[PDB]
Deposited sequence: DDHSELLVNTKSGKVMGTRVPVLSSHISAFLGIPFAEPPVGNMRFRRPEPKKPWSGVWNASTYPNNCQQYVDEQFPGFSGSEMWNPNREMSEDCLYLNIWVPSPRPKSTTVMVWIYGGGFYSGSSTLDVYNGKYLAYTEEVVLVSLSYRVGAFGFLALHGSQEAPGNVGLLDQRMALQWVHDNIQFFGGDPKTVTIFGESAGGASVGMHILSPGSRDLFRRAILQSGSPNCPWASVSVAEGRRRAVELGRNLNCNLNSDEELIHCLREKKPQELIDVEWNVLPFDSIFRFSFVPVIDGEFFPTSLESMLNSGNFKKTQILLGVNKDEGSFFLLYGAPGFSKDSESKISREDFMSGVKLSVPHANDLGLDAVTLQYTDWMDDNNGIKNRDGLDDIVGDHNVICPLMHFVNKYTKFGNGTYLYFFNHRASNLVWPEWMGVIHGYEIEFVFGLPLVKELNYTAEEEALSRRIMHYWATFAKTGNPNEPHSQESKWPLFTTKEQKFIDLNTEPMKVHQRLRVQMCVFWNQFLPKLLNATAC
């Protein structure tokens, strides 16, 4: 039977699922590690003990314990990202969608969710791999990993809460896939990891980390880069945040062992309740528990690794959306609201600048402000709103990604860059938010192919184009159909393409004007001052 698979960890039984008037197999909730509960909380994941009998892989697993967004109760726009299954620390499972009939050795894609390392679920409707698996005939895997303090509390030096364990969870799932995907018809030597936002930064981190490199072949990064300003902290800052968390739960802070023991005696929600209290500055696009530059998972600083070519050399496909910053300004910056056009005053603009570059001194805040203000029309509310949107997106996603792509391309074996700028016709978020962070995902996963979802014919065609670009690249290292063009991104030309419903257009030097400011000038200014 097609729904029965014997793996090295034991036998699993899947389920048939309908998709676009057809069907494929799905093995949901396959465990890849021992439950990270009790004394195991904060510890590195342990490989799953093989089992006898048949594991029921017919239903989605629990979602990891995480902060739940209740900023707009009942609103589909935000609810679609919240956990849609019971939360539990016993959450280390993966999902696999397999074409029917079962392939023998086909292209494999592994998805990594990316809610800023503090949230995300492999079970969201927007992450349903059945459309992509089916349409492109690939074996689609979505993994899970601990988020928040559970996945990233870091007390460097202790073996109890070393930090980066959520990245280790990802690595274990990649290892399981590498070891067992052949049994589901996938080619373990042709695995492409892909992810968005923190998932995109994660993908880059596995490209960098020596211990993760051999577990996959190619990589796709969507609106996320490993060098993003919010994607990691130093060992010292990580330690400070762990101590501060303990201080918030009235923990004994006499030793690491004292602190860790206390944190393990707290219920999941108690940790989540005070998680946002440990940030060092009032800021946006900053998350509490993220990867730590530790000397193990990351041998040296990211920049020196990038500079010396110390990373997996292969092909990558990546890009960004037009208005990456809007979501974060909506959730926090003074002046933005979901139901108004959010025209911004000069004063709120400046408050926004400060929330956006929290580490900067006044001179630095002045430099940014100068750079993004139209001094002829400095009180124009629309311009202030849009400039702030660009500041957030440029600083947090685009420029860090452009720096990564340029550093990578000097040593890689092929780069393909895109700029996604199509606003979905059925978007429930206000128009001022534009092409929002995370909204290219639904096209990558092919939801536009589903009639009831209300997309236009043009949108369905865009989704098919994107899915085929992603799948062809995963299979060959080139998104273009041989003898059927998305140009290769090179150090010299630096070409990229737009992804929308209009005829493809090739461009060059994506936001180079602003990224020279964020990647070369500002860092220099903050270091001199």
Stretches with no C-alpha atoms in the model, relative to the deposited sequence starting at 1: 1-3, 488-490, 536-537
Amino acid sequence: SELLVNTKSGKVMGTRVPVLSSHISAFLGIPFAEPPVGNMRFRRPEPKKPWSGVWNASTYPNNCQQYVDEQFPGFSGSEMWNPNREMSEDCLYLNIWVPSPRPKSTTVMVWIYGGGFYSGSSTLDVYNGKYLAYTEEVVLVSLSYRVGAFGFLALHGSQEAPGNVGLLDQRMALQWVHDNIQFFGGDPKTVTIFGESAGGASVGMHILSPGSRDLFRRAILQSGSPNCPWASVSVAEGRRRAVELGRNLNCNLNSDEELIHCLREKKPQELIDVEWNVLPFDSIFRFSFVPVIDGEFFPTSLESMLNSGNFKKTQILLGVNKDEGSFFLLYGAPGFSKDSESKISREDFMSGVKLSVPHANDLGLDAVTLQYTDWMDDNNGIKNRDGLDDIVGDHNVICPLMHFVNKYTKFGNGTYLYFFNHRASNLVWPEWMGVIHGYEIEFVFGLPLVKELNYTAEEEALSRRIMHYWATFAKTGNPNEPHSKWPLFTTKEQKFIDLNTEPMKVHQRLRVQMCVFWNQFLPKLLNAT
From here on, numbers count along this sequence of modelled residues.
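Think of the rigid core as the biggest set of C-alphas that the two forms share within 1.5 Å after superposition.
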Which stretch is more displaced from the shown form in 9 other deposited structures of this protein, 286-294 or 168-176, with RMS over structures and residues of Cα positions after a rigid core fit? 286-294
Between us, would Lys49 come up missing in a third or more of the other compared entries? no
Is it true that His468 has no coordinates in a third or more of the other entries in the comparison? no
Taking the deposited Cα B-factors and averaging over 263-271 and over 229-237, the higher mean is found in 263-271
May I ask you to compare 328-336 and 248-256 by their mean CA B factor in the entry and name the higher one? 248-256
Using the entry's values, work out which of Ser288, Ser425, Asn95, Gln222 has the largest Cα B factor. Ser425
Just the C-alpha B-factor column, please: which of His395, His206, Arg146, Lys451 has the biggest number? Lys451
When the modelled residues of the chain are sorted by Cα temperature factor, does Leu510 land in the lowest, middle or highest third? middle
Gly120: CA B-factor among chain residues, third -> lowest
Ranked by Cα temperature factor within the chain, is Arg346 in the lowest third, the middle third or the highest third? highest
Is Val435 in the lowest, middle or highest third of its chain when residues are ranked by C-alpha B-factor? lowest
Taking only the Cα B-factors deposited for this chain, tell me whether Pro101 sits in the lowest, middle or highest third. highest
